[PDB]
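# Fold and contact review
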Amino acid sequence: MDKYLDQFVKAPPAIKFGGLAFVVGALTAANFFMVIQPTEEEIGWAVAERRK
Amino acid sequence: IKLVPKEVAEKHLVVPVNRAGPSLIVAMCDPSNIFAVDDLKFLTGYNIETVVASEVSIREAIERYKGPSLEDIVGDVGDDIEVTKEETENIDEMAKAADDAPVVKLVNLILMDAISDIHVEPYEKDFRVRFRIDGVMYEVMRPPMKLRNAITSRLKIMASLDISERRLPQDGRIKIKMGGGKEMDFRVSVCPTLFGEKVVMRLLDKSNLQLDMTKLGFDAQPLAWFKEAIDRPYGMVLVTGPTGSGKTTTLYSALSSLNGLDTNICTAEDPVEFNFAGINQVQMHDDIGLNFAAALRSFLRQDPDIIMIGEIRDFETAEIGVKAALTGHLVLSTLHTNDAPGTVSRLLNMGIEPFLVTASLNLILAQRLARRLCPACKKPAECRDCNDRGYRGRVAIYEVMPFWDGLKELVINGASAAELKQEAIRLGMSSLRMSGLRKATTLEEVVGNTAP
Amino acid sequence: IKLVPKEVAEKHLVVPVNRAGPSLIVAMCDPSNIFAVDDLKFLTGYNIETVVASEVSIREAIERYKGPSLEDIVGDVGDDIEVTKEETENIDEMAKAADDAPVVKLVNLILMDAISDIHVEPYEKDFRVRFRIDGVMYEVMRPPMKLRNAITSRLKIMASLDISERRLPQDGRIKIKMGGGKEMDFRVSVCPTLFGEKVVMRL
Amino acid sequence: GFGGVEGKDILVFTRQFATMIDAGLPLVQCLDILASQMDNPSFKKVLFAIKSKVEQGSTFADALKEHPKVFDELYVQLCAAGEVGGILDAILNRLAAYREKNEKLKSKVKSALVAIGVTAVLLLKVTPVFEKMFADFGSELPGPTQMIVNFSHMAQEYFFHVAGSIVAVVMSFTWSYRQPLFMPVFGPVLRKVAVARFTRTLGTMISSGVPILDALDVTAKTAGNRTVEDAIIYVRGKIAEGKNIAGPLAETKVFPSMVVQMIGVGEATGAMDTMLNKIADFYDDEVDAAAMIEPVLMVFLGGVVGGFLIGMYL
Amino acid sequence: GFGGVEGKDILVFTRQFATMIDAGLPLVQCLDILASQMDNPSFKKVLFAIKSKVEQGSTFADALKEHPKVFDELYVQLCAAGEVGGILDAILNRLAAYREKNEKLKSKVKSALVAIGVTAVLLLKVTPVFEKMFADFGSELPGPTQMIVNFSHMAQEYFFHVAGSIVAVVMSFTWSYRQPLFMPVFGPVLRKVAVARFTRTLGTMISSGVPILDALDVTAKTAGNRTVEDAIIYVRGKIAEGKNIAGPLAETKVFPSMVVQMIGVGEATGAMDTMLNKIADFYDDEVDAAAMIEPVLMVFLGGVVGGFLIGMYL
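Conventions and cut-offs
- Residues numbered from 1 in each chain as written, not as in the entry; some residues may be left out.
- Chains lettered and ligands numbered in written order.
- Part of a larger assembly, values for the part shown.
- Heavy atoms only, no water.
- Residues with missing side-chain atoms left out of burial classes, pairs and counts.
- Helix = DSSP H or I, 4+ residues; strand = E, 2+ residues; numbered from the N terminus.
- Pairing = 2+ DSSP bridges.
- Axes fitted to C-alpha atoms, helices over the stretch in contact; angles between N-to-C directions.
- Contact = heavy atoms within 4.5 Å.
- Nonpolar A, V, L, I, M, F, W, Y, C, P; charged D, E, K, R; others polar.
- Parallel < 35°, antiparallel > 145°, perpendicular 65-115°, else oblique.
- Left-handed = near helix turned anticlockwise from the far one by under 90°.

In terms of determination method, the entry is listed under cryo-EM.

What follows is the structure, given as structure tokens:
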């Protein structure tokens with residue numbers, strides 16, 4: 001059905017770009033958390049080693 | 001409602017709108033397009049009934065969509081006639097914002113279901129009508145039993161009555177808000193009407209006919225002057241005629257045409273039908289549990305110069321009426337009958353004598369409907385009541401004017417100027433003569449110019 | 001009721017007195033004064049219906065706006081017809097001393113509201129009468145729905161009966177204390193009289 | 001020494017005055033009508049005497065003062081407050097509602113120490129006694145303790161059963177106190193009370209001489225239940241349009257087949273007053289008699305008992 | 001799995017069949033009438049199905065066999081014994097009396113092995129169990145002995161308590177057994193039951209289409225109370241002479257002013273069928289309310305229990 005298809009020729013450059021952007025934002029949140037966790041683990045191994 | 005894809009409806013500008021008697025009702029803008037029709041036949045697998053509609057109305061319905069109605073029904077504040085139509089409508093719009101959040105102005109159907117002859121004979125029978133020029137013609141409107149029954153209750157209720165298997169026939173009147181009236185006969189179920197429920201509507205449409213109706217050839221100007229006179233010196237008159245010959249119209253015409261600004265007039269009706277452009281007037285309507293006699297009895301009590309009784313149907317009121325005539329009021333009314341034994345019989349059968357009616361009744365007009373194929377003609381077929389006779393046959397009647405249908409003409413039949421003399425004197429009688437030969441269509445304006 | 005400033009009413013001796021059928025009823029002493037009328041038209045923005053009234057009656061209404069009455073009403077010992085009129089009147093005078101400490105003798109209105117044909121057909125319709133010599137003539141007396149209803153109960157009650165939507169028509173007789181009678185037909189609401197409540201009196 | 005009148009009989013008469021007065025009948029004519037429709041002599045007799053004072057010009061409050069043993073100081077003062085403020089109609093409506101609440105409250109303590117009091121002690125503790133009886137059949141039941149515990153601990157553990165007994169009590173008290181989505185399906189419709197009031201009001205205005213349509217226009221303004229008011233506006237609209245009274249009624253479920261058949265006879269006989277008066281008194285007596293108020297007792301009666309027994313069992 | 005019907009509802013329907021059949025209506029027309037007068041659907045629905053078998057030519061006993069969960073083997077066999085011997089009328093009268101005694105006996109245990117049997121064992125020993133169990137809380141109570149006495153003497157001294165328990169039993173048995181000169185002044189006259197039965201029977205034969213006089217001639221042969229039978233013969237004799245039904249009734253005290261006034265409407269309305277149906281339902285419900293059969297139970301219930309406990313303590 002075509003009215004939706006020309007709503008698809010007018011707009012979803014914007015909507016596809018937006019979706020890509022929200023995804024990349026999520027993935028950057030994830031990798032920043034995945035660099036914060038090795039920090040904590042690392043301070044932990046510090047505290048063990050010094051106790052040795 | 002259901003179609004194939006919404007896109008297909010919009011492209012072809014067609015919309016299914018119901019399914020009845022194994023067929024799919026399809027509203028279609030281009031019913032000559034066999035490609036689109038055959039596409040719909042193949043895709044639905046259903047047999048079609050085609051209904052032509054304006055392109056933009058179909059498009060509007062496609063985008064808008066018996067459901068939105070199924071909910072707006074449960075809104076008591078809508079059906080209520082006590083509420084002015086101007087506001088009621090607003091509620092329906094705002095309430096409709098529920099679905100899509102706009103105001104739709106003018107939902108044709110949503111309004112069509114909330115806010116000269118129509119013959120509706122039975123179930124699944126196409127309605128017939130009488131067109132102002134075309135006469136009897138068939139119509140594209142049919143209702144099966146369920147729709148018939150629903151119409152039937154609708155019309156019954158708007159006319160103020162309750163048709164049921166206990167009371168299957170109903171002879172009421174619809175009051176269109178435009179003050180206009182219409183006679184409605186109606187039957188529920190099949191107990192009287194084997195062919196199913198049925199209704200007939202003989203449309204009035206009013207705002208009240210005037211003496212401008214010597215246009216319609218009904219009464220000659222000469223006779224209308226004679227009546228103008230007659231009504232000024234308070235000669236009492238009854239308009240008799242078979243059903244729908246014009247009794248009420250003619251009556252209302254005669255009162256409306258006169259200047260009644262200087263006289264207290266005074267009307268008792270079972271429902272409103274009478275419109276008068278006059279100030280000294282008391283309009284009285286039968287209410288629950290009141291007889292016509294209650295209102296007349298108590299009304300004659302004040303000082304009416306003129307008394308108008310919509311139509312005499314309980315003759316206990318008839319009796320009060322002719323009593324009013326004998327005190328010397330100007331009384332006027334309507335009666336269902338076709339000639340002189342018709343009325344007199346009809347009048348005498350709840351106990352007024354012809355000395356009291358015929359002796360105190362002055363003039364009796366007889367109205368008709370004449371048809372010559374498709375002309376619709378309402379004419380005054382004819383009557384001066386002279387009095388009673390001692391030792392007799394009674395009712396002494398001098399026929400002033402007859403109507404010949406063969407030439408559509410009003411003839412004078414042995415009336416003389418010495419007859420209508422009945423005047424208190426010379427100057428009074430002279431005034432009658434002047435009005436006889438010496439004496440703008442709207443009622444307001446016509447009254448306005450008889451006033452002068 | 002509403003006007004522009006109270007001062008303007010008093011200066012021009014005019015007073016609006018109702019709003020009906022999109023028009024403002026304006027009681028006016030000098031209806032030939034197009035300056036005042038056009039001032040009222042412009043200041044209110046409303047279409048006017050002009051009613052002529054005596055200057056002092058307009059002024060009186062402006063200043064009242066029926067208080068002295070709003071209190072003398074709550075005096076059961078006044079309406080009571082069992083009491084001779086000669087004494088009842090006295091109470092109304094002495095009770096009126098409350099405001100300013102005199103006896104007013106003969107308050108026309110205070111009495112007019114406590115102590116050959118009249119046709120009163122509907123709401124906002126000028127009364128008609130039958131004069132002993134002039135016959136059917138129009139009159140300068142009109143009542144809107146509220147006043148009609150009030151008259152209607154007044155006349156009904158003095159004639160000894162109770163008109164209501166349950167018993168909307170009433171055919172009684174008033175006994176004037178002067179042993180004189182009058183036939184009164186009367187209707188409340190619009191149920192039998194679409195044109196509103198209404199009354200007739202054949203004196 | 002003189003007594004008042006019954007709670008029932010004050011009720012009927014205050015209702016029917018409030019109804020007539022709010023109809024715009026003259027107060028003396030209201031008084032005449034209720035006297036003339038009364039079944040007990042003492043009522044018809046007083047109300048002629050109250051009316052006799054009102055026709056001498058006295059207020060209703062001052063006329064009722066001739067019967068201070070029947071209309072107490074609080075009743076007259078409510079009337080007189082209505083008369084002084086121009087609200088006699090709305091204070092009589094208030095007094096009619098008051099008298100109705102008073103009679104209903106009277107029947108409903110007294111009904112069943114009389115018999116009701118003895119039967120209500122007796123039902124309220126029957127079960128909780130059975131219960132203490134099965135739990136006193138020795139030691140080492142379901143949920144108990146051994147007797148050698150310290151008393152306070154023993155009593156606190158059983159708190160379960162002390163609680164199941166109190167709940168049993170509260171329930172049988174509730175049944176004795178009470179008892180003496182399709183959105184439209186959820187609204188309170190017309191009851192027996194509301195039909196009895198309607199019928200009495202109409203029987204009353206017709207017996208007095210008002211037409212049907214004048215009585216319906218008054219009644220449609222004095223009906224308390226909103227759905228009935230909507231029903232009655234539709235009945236009056238139908239009748240005013242020329243439909244037959246029994247046919248406007250037959251559309252509405254609240255009027256039985258007979259109420260309609262009886263009204264339908266009344267239309268053809270000119271005896272609608274008599275018909276409505278006998279319908280109303282039939283309904284008023286059906287109302288004061290009033291079957292689900294006894295079945296739901298028993299549901300909670302044994303259902304709570306059984307809940308206790310199961311409670312400690314487990 | 002299917003259940004029967006209530007004791008009330010078997011009652012009403014067996015009474016009204018016995019009545020119609022003893023009137024000499026055809027069995028199928030009897031069946032139609034009681035179905036068409038029924039208030040519950042399940043009854044109207046069955047009775048259409050029982051009638052459907054009777055119109056295929058089956059006996060009533062064999063038609064009721066389609067509802068063995070409602071009409072047990074003993075009921076059908078009574079019917080079938082009546083049909084085989086030419087006494088269907090008198091066995092239905094017997095069955096109606098049976099069903100009436102069954103419903104009354106049900107209300108009246110339960111109020112305040114089936115349910116009656118289980119509840120009656122359970123009430124008859126509740127207290128005496130309580131009692132034995134307080135008297136088994138250890139030794140050296142009020143009135144006991146020490147256990148070392150010889151058994152025969154110990155048992156004989158307690159004879160007090162064994163006696164207070166038996167008396168407790170006899171009492172609760174009495175409440176369960178009872179609880180389910182001007183010579184003419186001493187005769188049992190018409191009761192509430194007998195008026196309710198009369199009214200139901202007449203409501204029944206009128207709703208079916210029999211005239212008043214045909215219904216009265218049947219009823220005057222099927223009335224159980226002799227004084228009422230004498231009353232009804234006088235009512236029928238008066239009506240057959242041309243006196244108006246409400247006027248023959250008004251001579252007899254058993255018909256209230258409301259009953260007569262309601263019947264007097266029904267005469268002018270051609271709605272006597274239903275006036276009688278509503279009167280009968282009102283009476284049947286007044287009957288089943290009529291409550292002292294349960295309060296006096298409880299008086300003797302706890303009063304005896306308490307008398308035992310007091311007895312030994314002292």
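Now that the structure has been shown, we can carry on.
### What about the overall build of chain A?
Within chain A, the secondary structure is distributed over two helices and zero strands. Taking the principal axes of its C-alpha atoms as reference, chain A extends roughly 70 × 15 × 5 Å.

### Topic: the overall build of chain C
Within chain C, the regular secondary structure consists of eight helices and nine strands. Projected onto its principal axes, the C-alpha coordinates of chain C cover approximately 50 × 45 × 40 Å.

### Comments concerning the sheet that holds strand β7 (residues 169–176) of chain C
Strands in a sheet are paired, the pairing made by backbone hydrogen bonds, and the direction either parallel or antiparallel. All names here are of chain C. Across the sheet, which stays open at both edges, the six strands sit in the order β6-β5-β4-β9-β8-β7 with antiparallel pairing between neighbours. One side of each edge strand has no neighbouring strand; the edge strands of this open sheet are β6 (135–138) and β7. Taking the axes of each pair of neighbouring strands and ignoring which way they run, one obtains an average angle of 20° across the sheet. Pairing analysis gives five bridges linking strand β8 (residues 180–187) to strand β9 (residues 198–202), with the strands arranged antiparallel. Bridge pairing in β9 places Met184 opposite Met201.

### Quick look at the pairing of β8 of chain C
All names here are of chain C. The pairing of β7 with β8 spans eight bridges and is antiparallel. Counterpart to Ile174 in the pairing with β8 is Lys182. Count of turn residues in the β7/β8 antiparallel hairpin: three residues, of which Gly179 carries a positive phi of about 50°.

### Quick notes on the sheet that holds strand β5 (residues 128–131) of chain B
All names here are of chain B. Strand order in the open sheet formed by six strands is β6-β5-β4-β9-β8-β7, with antiparallel pairing between adjacent strands. Edge strands, defined here as strands with exactly one partner in the open sheet, are β6 (135–138) and β7 (169–175). Within this sheet the neighbouring strands show an average axis-to-axis angle of 20°, counted without direction. Bridge count between strand β4 (residues 117–120) and strand β9 (residues 198–203): four bridges; the pairing is antiparallel.

### Observations concerning the interface of chain D and chain B
Facing nine residues of chain D, the contacting portion of chain B comprises six residues. Among the secondary structure elements, those contributing two or more residues to the side of chain D that touches chain B are α11 (212–222) and α12 (226–240) of chain D. Ranked by the residues each element gives to the side of chain D that touches chain B, the list is headed by α11 of chain D, at three residues. A class-by-class count of the residues in the side of chain D that touches chain B yields three nonpolar, two polar and four charged.

### Overview of the packing of helix α10 (residues 192–208) of chain E against helix α15 (residues 272–289) of chain E
Residues and elements named next belong to chain E. Between α10 and α15, whose axes approach to 8 Å, the crossing angle comes to 150°. The orientation of α10 with respect to α15, classified from their angle, is roughly antiparallel. For the element pair α10 and α15, the recorded crossing hand is left-handed. Across from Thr199, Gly203 and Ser207 in α10, the residues of α15 making contact are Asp273, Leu276 and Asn277. Looking at side-chain class alone, the contact of α10 with α15 contains one nonpolar, four polar and one charged residues.

### Let's talk about the pairing of β4 of chain B
Bridging between β4 of chain B and β5 of chain B involves three bridges; their strand directions are antiparallel. Following the sheet pairing, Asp117 of chain B is matched in β5 of chain B by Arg130 of chain B.

### So, unusual backbone geometry
A positive phi angle, near 50°, is found at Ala101 of chain B, a position not held by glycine. A positive phi angle, close to 60°, is found at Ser189 of chain C, a residue other than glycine. By secondary structure assignment, the location of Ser189 of chain C is in the loop between β8 and β9.

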